[PDB]
Each structure stands twice: as structure tokens, then as C-alpha cells.
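For reference, the chains in residue letters:
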Amino acid sequence: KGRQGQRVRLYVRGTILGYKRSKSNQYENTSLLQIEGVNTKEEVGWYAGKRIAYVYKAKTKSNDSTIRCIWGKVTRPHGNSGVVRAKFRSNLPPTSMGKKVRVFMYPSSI
Amino acid sequence: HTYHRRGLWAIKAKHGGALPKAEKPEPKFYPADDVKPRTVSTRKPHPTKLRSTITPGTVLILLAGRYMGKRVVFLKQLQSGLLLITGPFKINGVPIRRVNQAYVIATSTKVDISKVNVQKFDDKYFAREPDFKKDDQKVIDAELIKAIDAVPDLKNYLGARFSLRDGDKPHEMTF
Amino acid sequence: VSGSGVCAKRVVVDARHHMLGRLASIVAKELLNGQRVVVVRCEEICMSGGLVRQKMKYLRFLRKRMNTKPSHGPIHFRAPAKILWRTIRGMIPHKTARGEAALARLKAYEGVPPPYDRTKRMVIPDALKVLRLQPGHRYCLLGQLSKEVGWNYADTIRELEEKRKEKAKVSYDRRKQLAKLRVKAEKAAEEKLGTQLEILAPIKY
Amino acid sequence: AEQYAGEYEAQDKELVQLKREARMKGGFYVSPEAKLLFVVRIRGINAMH
Amino acid sequence: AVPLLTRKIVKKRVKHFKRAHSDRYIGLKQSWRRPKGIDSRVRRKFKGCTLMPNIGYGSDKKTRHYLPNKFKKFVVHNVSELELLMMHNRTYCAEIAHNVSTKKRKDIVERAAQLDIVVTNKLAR
Amino acid sequence: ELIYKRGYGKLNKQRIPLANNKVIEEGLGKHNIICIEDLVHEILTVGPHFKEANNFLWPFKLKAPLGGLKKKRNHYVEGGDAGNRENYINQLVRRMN
Amino acid sequence: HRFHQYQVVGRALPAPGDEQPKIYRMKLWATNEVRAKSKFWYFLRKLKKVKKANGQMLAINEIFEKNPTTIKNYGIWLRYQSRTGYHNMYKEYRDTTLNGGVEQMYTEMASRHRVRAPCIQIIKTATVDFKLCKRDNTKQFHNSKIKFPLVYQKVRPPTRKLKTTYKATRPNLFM
RNA sequence: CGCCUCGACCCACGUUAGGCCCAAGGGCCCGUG
RNA sequence: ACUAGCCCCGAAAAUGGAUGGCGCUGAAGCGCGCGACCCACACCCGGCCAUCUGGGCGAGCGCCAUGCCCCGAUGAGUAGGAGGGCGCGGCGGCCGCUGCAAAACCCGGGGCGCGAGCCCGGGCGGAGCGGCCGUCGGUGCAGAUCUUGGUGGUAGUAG
RNA sequence: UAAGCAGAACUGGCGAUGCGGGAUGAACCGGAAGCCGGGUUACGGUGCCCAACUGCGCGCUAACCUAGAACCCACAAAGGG
RNA sequence: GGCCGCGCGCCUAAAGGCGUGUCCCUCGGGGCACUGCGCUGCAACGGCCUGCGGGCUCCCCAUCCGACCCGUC
Ligand SMILES: [K+]
Ligand SMILES: [K+]
Ligand SMILES: [K+]
Ligand SMILES: [Mg+2]
Ligand SMILES: [Mg+2]
Ligand SMILES: [Mg+2]
Ligand SMILES: [Mg+2]
Ligand SMILES: [Mg+2]
Ligand SMILES: [Mg+2]
Ligand SMILES: [Mg+2]
Ligand SMILES: [Mg+2]
Ligand SMILES: [Mg+2]
Ligand SMILES: [Mg+2]
Ligand SMILES: [Mg+2]
Ligand SMILES: [Mg+2]
Ligand SMILES: [Mg+2]
Ligand SMILES: [Mg+2]
Ligand SMILES: [Mg+2]
Ligand SMILES: [Mg+2]
Ligand SMILES: [Mg+2]
Ligand SMILES: [Mg+2]
Ligand SMILES: [Mg+2]
Ligand SMILES: [Mg+2]
Ligand SMILES: [Mg+2]
Ligand SMILES: [Mg+2]
Ligand SMILES: [Mg+2]
Ligand SMILES: [Mg+2]
Ligand SMILES: [Mg+2]
Ligand SMILES: [Mg+2]
Ligand SMILES: [Mg+2]
Ligand SMILES: [Mg+2]
């Protein structure tokens, strides 16, 4: 196969599920994120503190580029099944839930 | 969890510390506000700790920057705390550089670099300010290519970039 | 229940012999998380409780109707794929724009129409009847319930499905011949490069 | 502080000896009743008698 | 000159308290009025309703009344009032009054340049 | 652990952290309780000056119990929280301190 | 173990009338010691006329299974309160400890008769030789050639890391 | 039907009181610039 | 023969209908457990605002002393009370502005203040206006089938 | 006869009060409150709507009556199999 | 997640750190200690600075959550 695009991948793909919630109010200061391959609360600790980027295409050009980035990090696990809480510099737009996020390994303890 | 100031000794530092009285040390303008003058700080910030899995000659995968995924051999930890790395420049094209302890991953593969001289390389060598740099890079690989050739397949390993593929879980991989 | 996390273009699920409400529950979570789900063979979904209990449940639903204008009232779909579509809609905040977008990512079919006859169809382990229902308890198929309450395309679905299975059976025979050829090729190529593949021996399965 | 630390022991230890000796001659030694409580309020301040 | 303030200015709310139902009625103005009806949702502080100002929103005493340029404002009307900021030019900035003419604005802007006093609206008129 | 991590005194009706021994001295020195070890000994071994030492202690502000409770509405012997547990208050102090 | 067996010993408070009162012992099943002493004082008040305020608690000791690696047959005589009346019944269990039998008894009463723990009084516990077992479903496991298949397998991954929403084929399970 | 101003890799039917199995927990792909 | 669990009969109302809905049958039902998790403006630690409590500061290099600094706790509010502030118009004083453009009015302009409000910018306009201290008053509007005036939808309709 | 009826005793509550749960609700359960950051709980929950297990374990039930499924609470009896 | 007030007047050592004497403790090596005056806002590095750059308390729209019409008896 001869493919085009990125040559290496040093991130894992996360999906935004929503916000820290109860049945009756929600909190934008933290987002809930599902990381591919992370199935338990125990193996979430590997990803704790890892940097996260939300990449979206805006409508105008900014630095001769049409793509914007919002940076965040994994803060803690959420529940028993691998979902995590993430804090971004600005709160994620609710329109971003269901979209993809990139989880890096930049701050490395190993 | 050691208590350095466990005992009120303070004399193992200055044994012959019985000394005499201390001698204490026009503005041309007066600032109209009593601003405490700024003198240099006398605090020692306790240099950074190297990760225990990074030892001289161990291999590192680069996690970010323009050389993301490059498998690179580790040489030394600089005074500022940045690790000193080389590609070497022949195999993967990564020159001599200093990298943060983060943004690298320490693998369990090692190379002996005992007979390699990395002394003139230090923080001052990278001061923001090239022909001799090409010479220094040239004379540091040929001292290292052979040791790479010593281990089978290590040359093609160092010349390939690390990448994650379908089904790869970084939190389960041994490296 | 969270999403799959598998982040593909679209997952095709073979709905045969799954429990209806357990299948709809997992699919609804997938759609709400952003995944596109294609469900085929919705005529062979299973519901616990036999035909009789399931049939009268639909008849009670068929009773519901706006007294003054029935074409405004509840719409009672008869096909298995539209029945499963409505079961999933009941598990989604569909009056919001988010649930509107979620339900637009779901495709449901009776039988396996193209191009999904030549793609991979997965199963949901925690919706399969063989793992969810005791072997003696009653159940019915969705197509049987649909046939009892007005669906009239069961015969064309069955005739098309027999034609599809014939073509797949021929493709299966061809794939078995190519597999025997492959095993001979890896046997001959094993000795020709016997020395090189020593590191693969302890992980050979 | 040295005196108190060594007094916490030889009080726990003595109770271990006293109980053993009571069983040694076939009886029961009764531990002294508790003299100290730690009390924590577990309900709120709404609708109080 | 160089502002003497170094503590960061934080705002507990960069948002106005608009009077409840001033959106509904054209004649109601946005200036805050405390609701006082017996059944008022806004007075009773139901969630999702208009917020009411209270003393907990107040700003730090060290940074309150400081302009974004980290100076505190003093309005002047002539040159003599501008001379009073020469000993406080690191903590106070000068704003020329709205009705001062263009002839006198030139004089105040010249004198403030000599005294190193910052004028916030020196390019006006 | 309660008196070290959450120890506060009552000096002039004010809640003063027991960060040093001078606070305990200036509060209970007239009763021959000099430092935090004497205070601990007086509380644990209920002594001649327990009334002065205990009342000198401000009531402890414990956090919500890590791991939760079971049923605050009924007694400990019914499987709840209220009442006397007699040794398991130490397990409850572990999670509230 | 959820339930523990304790031996609780107490007496009425020594008073000038007697000054050497009689000693009472019980074997009680409780989740901890505090709940064992409360149940002891409950029975002493109702069976004797000594309640906690007039009595003294002498000793409390946990009883343990002698051989927790063998399988015993355990008979339990109990008293329970239903919605309409009181009844006594005899139950039989097979376990490696009598603790497991008592947990089994409490679970079975909760399921078959909807009886909660407060409405149950253990009259007597004992070990029964397999020759003297009375209830069926205990004798049928006394076969020395006992043989049967596993008719419910519970197909699941082992450690929850191997859990996936989708699978490429249906599971094959057999017995 | 007529008329034109980020490797996005992977096709068995069918049955689970049965068809070596005991999950794709696999396989394929220079996977290496 | 009796006993008691779940289940079934006993068990009938008018718009179509409600374990909240979809649905659920080794339950996603019932009884009883285990481990973790979710989750309030409640609890804990920390920052800031205010209230209250308690302190420090003169042979003053000395201060809106009605000030500043330090310490600890506290913060629900209809009817109602009180304090401190914001705004309108005069009079006695003080300090100013304006034809190099006052008042009023307009503005997806910029700020300050928790707030009442205030300050500036651009425009229009073309002759007056402001701030501080004291004192005084016909002094603050969303309602009263409130008064007067103006203007909508109804409506290019009824006719 | 009863009543979301009419009248007394003690205490609490609503009225005067938001906030979390009981789908919903003056009073029920939790808990009372300045503007915020972080951590943890109460009541109540963890198939989807909906944040949190289709978690680990034993039984019972099969409803051809709309089986059953959250204090107050939104009903059921004598009697039968 | 929020915060940024030991070190030198002896030497060697990038630097962390080491290096004196006294009495006691034993079972190998430490421990408690000498206490004399002064000064006393933690760092390193990067990109950008008139630009398709940064910010916004202003205007419009989208999305998620929350939200019943005020006054009055
Ligand atoms: K056409
Ligand atoms: K006046
Ligand atoms: K009225
Ligand atoms: Mg969820
Ligand atoms: Mg029809
Ligand atoms: Mg209560
Ligand atoms: Mg503001
Ligand atoms: Mg102007
Ligand atoms: Mg926790
Ligand atoms: Mg609870
Ligand atoms: Mg109660
Ligand atoms: Mg419900
Ligand atoms: Mg606070
Ligand atoms: Mg108040
Ligand atoms: Mg009032
Ligand atoms: Mg306008
Ligand atoms: Mg005026
Ligand atoms: Mg007048
Ligand atoms: Mg008037
Ligand atoms: Mg008016
Ligand atoms: Mg009014
Ligand atoms: Mg009117
Ligand atoms: Mg009029
Ligand atoms: Mg009109
Ligand atoms: Mg007409
Ligand atoms: Mg009233
Ligand atoms: Mg009322
Ligand atoms: Mg919090
Ligand atoms: Mg289950
Ligand atoms: Mg209800
Ligand atoms: Mg009956």
C-alpha cells in the first residue's frame, strides 16, 4: 500500500464525550474523554498528566493556517472503565463533544 | 526522607567558624517611592534529577519536535539538566543536540560509549549566537558507528522511526 | 456503558440473534459518541418473551392514536428496520440537535443489501441471545412479529437472502482453496528461509 | 517524650501479660473500661429537637 | 512612567448585572434594580435566573480602581490640576475632562510630557 | 494524628494552629503541659488536667470520610453509622483525618 | 468472611445480694464484635433477667474453623419471624467453614422466605456426618464418583483489559 | 424514461444440551524515508 | 394435613397513555451481600469581598489616627428596623470649564465600581455648564381598569 | 362512615428558602447559602435517555391479566390454585 | 491543583556534597553537640511585538446545560 499523509503517529486518539455532569447541572471546567485502548481505572494512571490537543479547522486564516489548537492535559480517571477527566486552557465548546482529540506522551515519567 | 538538619550541629560545615564581628559594606536620583532594591538571589535551586532508566549510551525515542519518533542514543546529562543526545547524524540524520528529559522515552537497549569523548559539548556550546560543528559531529559518529555495528541489527534500528500502529497501547508496551 | 472507542469510519453490525433492547442500548451510546453504525439483518433480532407477549405489546401500541387527527398521532412502523430505528430513538435525546445528529448516523436494513454483503459484520457480545437468555425461555424474531402486524416484504427479504447466501457459499469455497495454497506456500517458504525466522518460533501460536 | 513513649509500651505489654496469666490459672482477666471517647457529629443542623 | 503595581488584576465578574426583564420591556432600563416582588424568581435565587449583585463579588483592595494599564485615574481640567500628579506619576494617570477645549488640551499634554505623567486620552480632539 | 494534623488551640477565644510549642505553653503552661507530647499524653491518659487540656483544644474540623459511609440514619449495630463502635472509630478517623 | 462466630461471656453486676453472680456464655454469629456484644445483651435481657445496664461484660473471643480445607456438612436450627407468626426450621449446608454455612443460611432465608437478618435466631449449629444428613441436594453431592458437566459457562474476558464492544465472530462454547 | 436554453487493511453459512475451538485476545501490510 | 415465599384467579369506565420513557426475562424484576464508582451551594484545604472579635503604631524620620497594619470566627431571608453610599434641583461658600464649541441627544466605541452610578472617545448641536464643603427640597416609577399626549398589531381587514 | 373534613397536646417544618434526590410537586429524604479553585461526601443511584459497573455472588419468579420494578405516593380485600 | 520568601565571612568539588575538635554509645558507623556577629523579593529556555498578531466586559449566530409572567392579596 502506498499512502499519503502523516508518516509517524506519536499520539493516541481520544473522543470527547461531554462535561463533568450530574443529572441536573454540568461543569465546563472539566471534560470527559475516552482514550482508545484504556479499559480500566487502573491503567488510566499511566496517562495522568499527559498533554492533550483538540484540533479543529476555523473559518479564517491565522498564521497562513486554517487549523486551530486547544491544549489540555489528563487530570484523573472518571469511573471504573477508563474514561478520564481533562482540563483545557479554555473550556471546550459543547460542539466538540463526539469529536476526536490527540493524547500525546510529552511529559514522560518513563 | 533524611533529616539533614536533624542535629543542631551546623559546625560540620564551618568547623573553624569562630570568627570576628561582621563588617557591614550619592544616588543622583530619588525614586519618590520606597522600592526595595533588587539584589541577586542567593538561593541554590538543587539541579534536576535524571530519570533512573536513562544511563549513558541508552537509546531514546524522541516524542516531539521535528525529530519525533527518531531512535537516538543518549550520551550525557548537561549542567542545566538537559540530556545530551546524538543521532548519530549518519544513520538517522539527527545532529548533536540537548533534549529535555520529558519528550523522550528511555528504552532498555544500551550501547557502550566509554571510549567516546564528549567533553567539549556543554550548555555554552549551544549558546544562541558552523563549519567546526560539522567537524565535531563528524568525529563523534565514527567513534560510535562501530559500536552500533557491534550489535546486530542495531544500525537499522537506529535508522528507523518509532510509530504507533493499529491496536498499539503505549501503556502496555515494555519500552 | 461507554462507547467502543474503536474510532473507525463506520461499524457494520450483524444484528442476527441479538436482544433488541440490549442491542439498541449499545448502538445508541455509539451514535451519541459520534460513531456511524450500520445495522443489517434487523429481521432476525430477538426479543425475550415469545410471539404472544410481543404481539399484544404492539397491539396496545397500535391502540395509541390522536383521537382528533390520527395522521398527527403516533406513527406505527411495521418493518423490522423501522421498528429498531424507533426503539433506538427512544433511547436518545432526539428532540435536541445533538440527538438529531446522533440518530442521523444510524442506518438500519432488513437483510444485507450492498455494499455490506462484501464487508465485515461484527457482533455485540453483551447483546447476543446465546449469552443473554436461558436456553428454555421463550422469544421471537423481529421479522415474525413484523409479519404478524402488517409487514409484507418478508418474502422478498427471504428470497434475496437466499441468493446472497448462495454467492457467499461459493466465495467461501474459493477462499478455502486459496487458504490451502497459502499453507503450502508458507511451508515451502519456511525452509527456504529457515535460519532467518528463528526469532519467530517462541511466538508462533 | 521519651518517658511517655516508653509508657505506652509496658501498658499494652502488661495487659498482654495479665490476660495470659488469667488463662494460665484458668480464669478471665477483665480489661479496664474505656475512659476516653472521640465523638464526631454525623448529622446536619436542620430540623433539630 | 513605569507602573508600580505588580499584583495581577483579577475580576470576579467581567459582566454587567442587567435589570431583570429589561430584555422583555423596551421601557425598562438595564441599570440594576433589586427585585422586590413576593413571588419573584430572581429575588428567590432560583437556578437559571438573573443574578443579583452582592458583596462577595467585590474586587481586591490592592487592585481595585486600577485601569487596564495598571494606573489609577485622575481627571484634570487644566495644567495646575495636572501638576499634582508629578509626585505620583508611577501610580496615577491623568485624564483630561470631556469638555476641555483643544487649545487647553495641547497645554496639558505638553506639560504632562515634561513631567512624565501619562495622559490616557491625549490623542483626542 | 488528630492533634498533630488538625490541632488548634483556644487563645483569647481565637483558633490558633499548634504549629509550635509556645502556643501550648502560653495556653496550658500554668497546668504543667509544655509541648505537644504532654498534650497528647493528657488526652490519651485522662489525667488531672484533662478538662483544661481538652477545652483548650478547638473542636476538630474533619473532612468528609474518604470512601463514604453506610447508612447515617441507623445505628452501627444495624449496619449504619450512629452509635458506639468502640474500636472502629479508629478506622473512621483514618478516613476523616 | 462476612459472619464470624464469637463466644461472649458476661454476668450480672456483682451486688451485695450475691457478690459472686453466675456466669453466662453464648455462641453468637455477627459481623463484628460490637454487633456480637449487642446481640448477647439482647438474649441475656430476654432469656435471663440481666440487661446491659445491670450486667458486666467479661470476655469475647472469636471461634475459628479447625480445618478450613475440608468440606463439612452443616446443620442449622433456627427461629425466624414471617409476616404472620413465628416458625422454626432446620437447614443443611455444605461448606469448608461454618462461617460459609451461616452466610449461606442468611442468604437463603432472604431469597426463599424474604426474611431479613434481624428476624432470625440461630438456635443451634452442628456438623452432621454424611450418613446422617437429612435434606436432599446434600446427599446427592456425597457421590464419590460425582461427575457432571458445566451447563453455564459465563463467557467473559479475564481481566477487563481485553473487553471490546465488537467481535468478529460469535463465540463457540461447549460442555 | 423523454427533451437541452493518519494503516480509516479484512464478505461463511449456521450452532451453542455443539461445531482443533475454550473470543479479531487473530491475521495481513517494508510496519523502517 | 398444615405452614409461607414469588406467581396466577378474585380485579369493571368512559380522548390514546404512561414502573417518567424506551425497553428489560442466568433481568435492566424481587430478597440478601461484596468491591469500586457517580453525585449538592453540605464537609476539608486555599484565594478574594464584607460583618463581627481582639490587638499594634509619638520626648513621632510624622498620619485622609475618620488612617494603616496584624489575628480569629462568621455570611439564608418575606413583614419590619437601621447604617453607609449613588443620583436630581436650589441657596451660602470654594475650585473650575466653554465659539480652539456648553447643555441636551445618539453610538456593534473604551474603561472604573458588587451595585445605585461614574469617567473618557466619536458624532450632532450652537450657548451656556460643572465638581467639592455646608444647608435646604414639589428630589429617583413598571404597574394604581393611574393622567395627558403620541404610536402599533388587528388591517389594506370588517365593510 | 369517611374526607386533600372539622378541632386540641409536644416538637419540627413551610409561610420567609434557595441548593441535591424523590420523573414532576410549599411541607417528604439530604442539607441550609458571600465570589471562586482543588479534594471528598449526604440522600439517591451506576442498560440508554443520564454522570457512574450491562461489575463480582446465591436463590426466587415466567405473568396465554399491560408480570414486576424507589419512604411520603399516588390503592386493593375476604377468599382461592 | 494553587505558592515562590538557605547562604557566606575555610578549602577542594560544574554542582548535589565532603573535609575539625570534644564526651558518650556499642559490635562494624554514627548520635547529641561547637553557637559569633551580619546581609537576606527561586530559577532556565523559547516563540511574538504593527501582523492573516493578542485581547475584549461590545454586537450577531451556533452548540450543551439551566431556565413557566411580572406586580398583587
Ligand atoms: K430527466
Ligand atoms: K446640594
Ligand atoms: K390583589
Ligand atoms: Mg453514562
Ligand atoms: Mg394500516
Ligand atoms: Mg431532615
Ligand atoms: Mg464590571
Ligand atoms: Mg467629549
Ligand atoms: Mg474518590
Ligand atoms: Mg449513600
Ligand atoms: Mg428522619
Ligand atoms: Mg424511574
Ligand atoms: Mg473561602
Ligand atoms: Mg444576609
Ligand atoms: Mg424588606
Ligand atoms: Mg442602536
Ligand atoms: Mg447637575
Ligand atoms: Mg421647588
Ligand atoms: Mg413628587
Ligand atoms: Mg411612566
Ligand atoms: Mg413597583
Ligand atoms: Mg389599562
Ligand atoms: Mg391617553
Ligand atoms: Mg389600533
Ligand atoms: Mg372587503
Ligand atoms: Mg404571608
Ligand atoms: Mg408565598
Ligand atoms: Mg469541588
Ligand atoms: Mg447483570
Ligand atoms: Mg413519584
Ligand atoms: Mg390468599
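Quick notes on the rules
- Residues numbered from 1 in each chain as written, not as in the entry; some residues may be left out.
- Chains lettered and ligands numbered in written order.
- Part of a larger assembly, values for the part shown.
- Heavy atoms only, no water.
- Residues with missing side-chain atoms left out of burial classes, pairs and counts.
- Contact = heavy atoms within 4.5 Å.
- Pairing = 2+ DSSP bridges.
- Helix = DSSP H or I, 4+ residues; strand = E, 2+ residues; numbered from the N terminus.
- Axes fitted to C-alpha atoms, helices over the stretch in contact; angles between N-to-C directions.
- Patch = residues over 30% accessible without salt bridge, like charges linked within 9 Å, V, L, I, M, F, W, Y side chains within 5 Å.
- Areas by Shrake-Rupley, 256 points an atom, 1.4 Å probe, with all protein chains shown as cover.
- Salt bridge = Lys/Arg side-chain N within 4 Å of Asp/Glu carboxyl O.
- Buried < 20%, exposed > 50% of the residue type's maximum accessible area, 1.4 Å probe, protein only.
- Buried area = accessible area lost by both parts, 1.4 Å probe.
- Polar contact = N/O pair within 3.5 Å; in protein donor to acceptor, adjacent residues only side chain to side chain.

- This entry lists cryo-EM as its structure determination method and reports a resolution of 2.84 Å.

**Re the arrangement of the chains**
- By contact count, the leading pair among the 10 pairs of chains in contact is chains A and B.
- Kept free of each other, chain A and chain F leave a smallest C-alpha distance of 14 Å between them.

**Quick word on the sheet that holds strand β1 (residues 4-12) of chain G**
Residue and element names in this part refer to chain G.
- Taken in spatial order, the three strands line up as β2-β1-β3 in an open sheet, and their pairing is antiparallel. Either end of the sheet is taken by a strand with one partner, and the two such strands are β2 (23-30) and β3 (55-63). Taken over all neighbouring pairs, the strand axes of this sheet differ in orientation by 25° on average, direction set aside.
- Where β1 and β2 come together, eight bridges link them in antiparallel fashion. Bridging across to β2, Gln-7 finds its partner in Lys-27.
- Relative to β2, helix α1 (residues 33-47) is tilted by about 130°, and along the sheet it contacts β1, β2 and β3.

**A look at a nonpolar patch on the surface**
Residues and elements named next belong to chain C.
- There is a patch of nonpolar side chains on the surface, built from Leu-193, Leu-197, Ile-199, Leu-200 and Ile-203 and spanning about 500 Å² of accessible area.
- Residue position: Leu-200 is located in the segment after α7 (154-192).
- Taking relative accessible area as the criterion, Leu-200 reaches 44% and is therefore assigned partly exposed.

**What about the interface of chain B and chain A?**
- With 21 residues of chain B in contact, the opposing surface of chain A contributes 19 residues.
- Broken down residue by residue, the surface that chain B buries against chain A is led by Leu63(B), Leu164(B) and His171(B), which jointly contribute 33%.
- If you look at where chain B meets chain A, you find zero salt bridges.
- Taken together, the connections running from chain B to chain A amount to seven residue pairs in polar contact.
- Of the residues forming the side of chain B that touches chain A, the biggest block, three residues, is contributed by strand β5 (residues 104-110) of chain B.

**Examining the sheet that holds strand β3 (residues 83-86) of chain B**
Residues and elements named next belong to chain B.
- As summarised here, the arrangement of the five strands in space is β4-β3-β2-β1-β5, forming an open sheet in which the pairing is antiparallel. Of all strands in the sheet, those bounded by a partner on one side alone are β4 (97-99) and β5. On average, adjacent strands in this sheet sit at an angle of 45° to one another, irrespective of strand direction.
- Bridging between strand β1 (residues 58-62) and strand β2 (residues 71-77) involves three bridges; their strand directions are antiparallel. Bridging from a neighbouring strand, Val-59 pairs with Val-73 of β2.

**Notes on the side chain of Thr63(E)**
- Residue placement: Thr63(E) occurs in the loop between α1 (41-44) and β1 (72-76).
- Aside from chain neighbours lying at most four places away, what touches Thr63(E) is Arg7(E), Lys8(E) and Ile9(E).

**Regarding the pairing of β2(B)**
Residue and element names in this part refer to chain B.
- Of all the seven residues making up β2, five are buried; the element is thus mostly covered by neighbouring parts of the structure.
- Bridge analysis of β2 against β3 gives four bridges, and the strand direction is antiparallel. Residue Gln-77 lies in a different strand from β3, and its bridge partner there is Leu-83.
- Where β2 folds back on β3, the antiparallel hairpin that results is connected by five residues, among which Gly-81 adopts a positive phi of roughly 110°.

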